[PDB]
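Have a look at the structure below, then the notes.
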Amino acid sequence: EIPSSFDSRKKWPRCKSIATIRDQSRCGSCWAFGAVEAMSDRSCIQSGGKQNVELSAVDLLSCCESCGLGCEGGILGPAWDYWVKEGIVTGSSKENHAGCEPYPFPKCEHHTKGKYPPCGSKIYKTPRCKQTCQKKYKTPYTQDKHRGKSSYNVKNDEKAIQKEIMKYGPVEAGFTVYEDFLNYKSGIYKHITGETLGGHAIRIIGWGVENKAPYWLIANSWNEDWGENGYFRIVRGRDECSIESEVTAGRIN
Ligand SMILES: [Cl-]
């Protein structure tokens, strides 16, 4: 039976990645962030906490040739296929500078107020695929790879998505971003004004209901200043902005 609310952070609190918000910086690498975040979560959840790692966004962003255009956007299915076939090494944020390949780009504000420099509208070139761990990290790049066993799209059905998240952990999901999404501060988002800005990719970690209004609970990759401490909520059950139609995940076993 599906509970009225669920929060992956509360079910698997040993897994540090689940409550970590990242920042893609001045790069359209959301496709890679939603992927490595959910893969980090799932690697920990599905291994009973034996894997408790932060997977490298830059490794996937830079090295996956079949995933699209890097900092100019990408494709979800091939990102999970890459994790299954090639694997992804470890790597923290830029400021944390941990793991094999930490992210090269700094935190910035994504169309919102706060303490980081504004992202602005310029975007970085996709980083090179370096295949080399940072000097202090004493495991060779190929030996730091973490691989999945399977990947799949999740059925476009609310209950199927809920069952998948509750059993196997957070999922990656695409949705259509409209201009009013950039004005989001808090609450349960739905598209009301503005034109399309294309597709975004995020990580769905749970769901809930407030004042009878059902929502998905989602981690964005725009740092902790954006939205509700880095998270947002969006209407659930009505395929709002295609949120129930682009879900992808995978398993280590
Ligand atoms: Cl990161």
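Simple scheme: letters A, B, ... for chains in structure tokens order, numbers from 1 for residues in each chain, numbers from 1 for ligands in the order shown.
Those protein and nucleic acid residues that have any atom within 9 Å of ligand 1 are, using only C-alpha atoms and all ligand atoms, residues 21, 22, 23, 24, 33, 36, 37, 54, 55, 56, 57, 58, 91, 92, 93, 94, 96, 102, 103, 104, 105 and 221 of chain A.
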Using only C-alpha atoms, what table do you get, as JSON lines, when you list each residue of stretch 158-232 of chain A with an atom no more than 6 Å from stretch 1-19 of chain A, its nearest pair of atoms, and their distance in Å rounded to one decimal, rows by chain then rising number?
```
{"residue": "A:205", "atom": "CA", "partner": "A:8", "partner_atom": "CA", "distance": 5.4}
{"residue": "A:206", "atom": "CA", "partner": "A:7", "partner_atom": "CA", "distance": 4.6}
{"residue": "A:207", "atom": "CA", "partner": "A:5", "partner_atom": "CA", "distance": 5.3}
{"residue": "A:208", "atom": "CA", "partner": "A:5", "partner_atom": "CA", "distance": 4.1}
```
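Counting from atom CA of residue A:142, the distance to atom CA of residue A:30 is 24.3 Å.
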Write out as number ranges by chain the residues lying within 6 Å of stretch 202-204 of chain A, counting only C-alpha atoms and excluding same-chain residues fewer than 3 positions away. A: 34, 170-173, 218-220
Quick one: DSSP strand (DSSP E) residues in stretch 31-244 of chain A, as a PyMOL selection string? chain A and resi 150-153+171-178+188-189+196-210+213-219+231-235
